[PDB]
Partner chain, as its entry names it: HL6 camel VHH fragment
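Okay, so here's just one chain, in structure tokens, the form deposited without its partner chain.
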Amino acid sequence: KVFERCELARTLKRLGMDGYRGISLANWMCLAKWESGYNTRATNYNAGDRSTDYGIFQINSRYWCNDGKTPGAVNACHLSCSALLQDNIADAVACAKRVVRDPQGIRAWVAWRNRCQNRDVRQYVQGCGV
């Protein structure tokens, strides 16, 4: 499914993402827009990683979810990648929380560094009442 902008902001807030590890909701919204366009079905091949990125937060099958076809994968989220392709984002959020718990943190997403970091991110949550 493709989330409406404020629909996602409220869902992410309800699931505890606002301020999770210091990362504000606006920042999460920004990475989600740039990564998948708020689309839970988005999957993109990672060219230099022999893996695939899955879902709304574009999580990498080499380190976080097992898709059954990635060479030398780890599966730190202990999730099957298809779980990150469902309309219900509860598993995707738990996994994204898992990702930011590593040293690199939010820097694990190049889209956040190129489009959100050192940028105004207010626009993503403007008018959502979150």
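Numbering follows the first chain given and starts at 1. Definition used throughout: the rigid core is the maximal C-alpha set that superposes within 1.5 Å between two forms.
What comes next is about the form deposited with its partner chain bound, which is not displayed.
### Query
Heavy atom within 4.5 Å of its partner chain in the deposited bound form: which residues of 77-99 qualify?
Those in contact are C77, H78, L79, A90, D91, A94, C95, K97, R98.
### Task
Align on the rigid core first; then say whether the Cα of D102 has moved by at least 2 Å between this form and the one not shown.
Comparing the forms between this form and the one not shown, which are aligned on their rigid core, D102 does not shift its C-alpha by 2 Å or more.
### Task
Please check if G48 moves between this form and the one not shown, taking a CA shift of 2 Å or more relative to the superposed core as movement.
Yes.
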